[PDB]
C-alpha cells in the first residue's frame, strides 16, 4: 500500500464556478440546477471565496438584499481551501472543523483546479 490518499485523487475537476459580478439569482439557480449548497466564486482560475446557500439567506435576504444584486457584496472569507497534493483525511478534518461540505482545491500557483466534497469521500 503505497500512500495515503491525496485530494487530487478524489476531487472533482469538472468545475462549475460563478463570478463576483453575477447576481444572487444566478447563484441560486446554479445551486438548484447542480444540487449543491456552495459555489466557488472566481474570476477565471482566481479564487475569491465560496458562497453558500445559507450565506445568501443570512447575509442577503435577511438584510433586504434582493436577488438582482451582485454576489460580491455578500462574499465573506477567507475561504477554506486546500492544495491538490494535501492528504484527504487532514482536509476532511478541517472541513468538519469549519462545518463545510465543499472545499475548493488549488494548485501550487493557487489556481483553482478542483472541488472536494464530503460526498467524494
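Positions refer to the first chain, counted from 1.
**Q** With reference to the PDB entry, specify whether the mean Cα temperature factor is higher for 78-86 or for 64-72.
**A** Taking the mean C-alpha B-factor of 78-86 and of 64-72, the larger value falls to 64-72.
**Q** In the PDB record, does 37-45 or 87-95 carry the higher mean Cα temperature factor?
**A** Higher mean C-alpha B-factor in the PDB entry: 37-45.
**Q** Can you tell me which third, lowest, middle or highest, the CA B-factor of residue 19 falls into for its chain?
**A** For residue 19, the deposited C-alpha B-factor lands in the middle third.
**Q** Check where residue 108 lands among this chain's C-alpha B-factors and tell me if it's the lowest, middle or highest third.
**A** According to the entry, residue 108 has a C-alpha B-factor in the chain's highest third.
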